[PDB]
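Please read the structure below before turning to the comments.
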Ligand SMILES: [Cu+2]
Ligand SMILES: [Cu+2]
Ligand SMILES: [Cu+2]
Ligand SMILES: [Cu+2]
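Chains as they are written, first to last, in the authors' numbering: chain B, 3 to 170; chain C, 3 to 170; chain B', 3 to 170; chain C', 3 to 170. A prime marks a further copy of an entry chain.
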């Protein structure tokens, strides 16, 4: 029943919970990369600054999702945040590639939550996602594919250094 | 056959009219409560200030729909504005409670109008509704449910006066 | 071997990892409380703001710990972040009591990491903990016990409201 | 028997003297490298600027110890300052590498002096060392190991010149 509940189906509420946890996994994985470039044997501190921002950015998307969950009458059920697969992510190009599939995975999750809110006619929730998440995911997915092509252009060695200084 | 008509079904035109009339009823009902907390034997000026705001909200929310009705080529068919059910709304709780079901009633009327734009392929009218009405309704519906909870906590007496001073 | 390693024992490195994960659990639990007071049926938004800060504050202690782990030659091994015990923490007094045992638990963990660095004569690590963590824990433990005594003084109802407005 | 002597064992006094002499050797060695990157056939002015800084760091680090030796009632027994092993330090890498082991050598000499304050119950002299020397040494030792990694990445040639311009 709750108090502000209207047009908010039970499947949608459990999807926001399932999505809240994945957005936290993204924040975790990005922090794992942050401190892979603060590692002294890599020492790319502007790459590290990138993932520190991106980790905080995703933690703010989870918060924006939980803040929405409370605004619609649902209740927040948190689950364990699983550790990232790797603890050492290789070259910058390799790590940026990992990020692409990550945000590409996080995107399709959002795209399927939108499909659920459509199933039970949740027009507002559809707008909230397509305005505050889908619009941002396509931005992040391009800017990551932008960094992928450049890191391939500059190559290794001096290329990995000069891309940290000038672009990041 | 009006100059700017495109993709605008007469069913959607009629819905905006019936919806304009309802958004005005909410202005009247909130104004009824405005001048209730200014009663000499109610004397809650900040609750009065809250409904003076909210009454002007709905009035400008109806003006936006009217401005949209002309923007799409429909014609504004006005109707009578019914007097509110009550002439006195009891405790601040029982007033806020009447407000919740009011916005909750208006939210469905907006949602059903959104279903009418979807029935006739009006992609624009969908975004206008879910962007400048449904988005606001969800926030307000929470905001009211936040006041109901706190009023139940502070209880009758000094708790009612304090909520007026510190929150409103 | 690594590159900057000196006087940094294997037990200490695994303790920083084990402590990094617990500091994240603290950040998680605090966020769970943050959104328990953004819940519309509780709606204490200055209590919620407290745990939003405290959750971010602990996430910055983990970062300060990982930043230290990289500065001393150790490597960061992350583990799963377990979900908080409860998803609804009861009255404010009850939640603040939970927090006390939390920071009291997180303290003794730090106190025992200090004992490990002492075992293998890690004078710097001892200073880093007793300057940047132990000094802050005793501050946080008092300010939480301060909030515990007051919430007992003001009681329930109007007391729980007026403490959110004036002090938080 | 000096005026401000308390808790200050002659073993600690002797250690500060031998440590003062070493902190000056690091000033000389860094100055040796300063005027090496100003050689007409090295011509790396930013690497020169780095060692002009670091040479003045150790000189002021010895002055702090001297100021502390007088602060505790000990007397400053100066000794000769040995010339550095080399008169030319090769590539920027092989120079930075010589610097790592230099600070790593100085860090142990500080740590062993800290063990001398602990052997004779000098709680203050412990905090002065671990507060204004050991804390800095850990940071510098990382900072050097960060430069070694990046120089190995950028490689000889244009990579050496670019690191001079963009990082130093
Ligand atoms: Cu995201
Ligand atoms: Cu409205
Ligand atoms: Cu902490
Ligand atoms: Cu020094």
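Yeah, the Cβ is synthetic: ideal placement off N, Cα and C, and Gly gets one too.
- Among the bridge pairs identified by DSSP, residue 83 of chain B' is matched with B:83.
- The alpha helix (DSSP H) runs of length 4 or more contained entirely in the segment 56-132 of chain C' are, from start to end of the chain, 94-121.
- Any Cβ of chain B closer than 7 Å to the Cβ of residue 31 of chain C' would place that residue at the interface, and such an atom is absent.
- CA-CA distance, residue 53 of chain B to residue 34 of chain B, rounds to 8 Å.
- The beta-carbon separation of residue 129 of chain B and residue 137 of chain C, rounded to 7 Å, stays under the 8 Å limit for a contact.
- In the DSSP assignment, residue 151 of chain C' falls within the alpha helix (DSSP H) that extends over 136-156.
- Secondary structure of residue 44 of chain C (DSSP, three-state): coil.
- Of all C-beta pairs linking the segment 87-97 of chain C' to the segment 21-30 of chain C', fewer than three are shorter than 8 Å, placing the two stretches out of contact.
- Residue-level contact by beta carbon holds for residue 41 of chain B' and chain B, with a gap shorter than 7 Å.
- Contact annotation for residue 162 of chain B' against chain C: 155 [CB-CB distance below 7 Å, chain order].
- The beta carbon of residue 165 of chain B' sits closer than 7 Å to those of 152, 153, 156, all from its chain and outside the five residues before and after it, given in chain order.
- Distance from the CA of residue 139 of chain B to the CA of residue 105 of chain B, rounded to the nearest whole angstrom, comes to 7 Å.
- Boundaries of the alpha helix (DSSP H) harbouring residue 39 of chain B': 12-39, taken from the DSSP string.
- If you draw a 10 Å sphere on the C-beta of residue 110 of chain C', you find fewer than 16 other C-beta atoms in it, and that means exposed.
- With contacts defined as CB atoms closer than 7 Å, residue 67 of chain C and residue 18 of chain C qualify as a contacting pair.
- For residue 62 of chain B, the CB stays at least 6 Å from every heavy atom of ligand 1.
- Distance between residue 170 of chain B and residue 16 of chain B, taken at the CA atoms: about 37 Å.
- Close partners of residue 89 of chain B in chain B' (Cβ separation under 8 Å): 77, 78, 79, 80.
- The segment 40-49 of chain B' makes no contact with the segment 69-85 of chain B'; the number of CB pairs closer than 8 Å stays below 3.
- The straight-line gap separating the alpha-carbon atoms of residue 64 of chain B and residue 65 of chain C' is approximately 52 Å.
- Annotated as proximal: residue 82 of chain B and residue 82 of chain B', with beta-carbon spacing under 7 Å.
- Only exposed fits residue 4 of chain C, as fewer than 16 other CB atoms lie within 10 angstroms of its CB.
- Residue-level contact by beta carbon fails for residue 117 of chain B and chain C, as no gap is shorter than 7 Å.
- In this structure, the CA atom of residue 143 of chain C' is about 9 Å from the CA atom of residue 103 of chain C'.
- Close to residue 109 of chain C', with beta-carbon spacing below 7 Å, lies no residue of chain B; the smallest spacing is near 15 Å.
- Chain B has no Cβ within less than 7 Å of the Cβ of residue 145 of chain C'.
- Taking 7 Å as the cut-off, the beta carbon of residue 100 of chain C' is found no closer than this to the beta carbon of residue 146 of chain C'.
- For residue 55 of chain B, the number of other beta carbons within 10 angstroms of its own is below 16, and it is reported as exposed.
- Cβ contact annotation for residue 122 of chain C (same chain, cutoff 7 Å, sequence separation greater than five): 11, 13, 14, in chain order.
- Sixteen is the threshold: when 16 or more other Cβ atoms of the shown chains lie within 10 Å of the Cβ of residue 148 of chain C, as they do, the residue is buried.
- Taking 7 Å as the cut-off, the Cβ atoms of residue 160 of chain B and residue 135 of chain B do not count as close.
- Residue nearest to residue 89 of chain C' within the set C':133, C':108, C':49, C':30 is C':30 (criterion: CA-CA distance).
- Contact annotation: in the segment 59-78 of chain B', residues whose CB is within less than 9 Å of a CB in chain B are 61, 64, 65, 68, 69, 71, 72, 73, 75, 77, 78.
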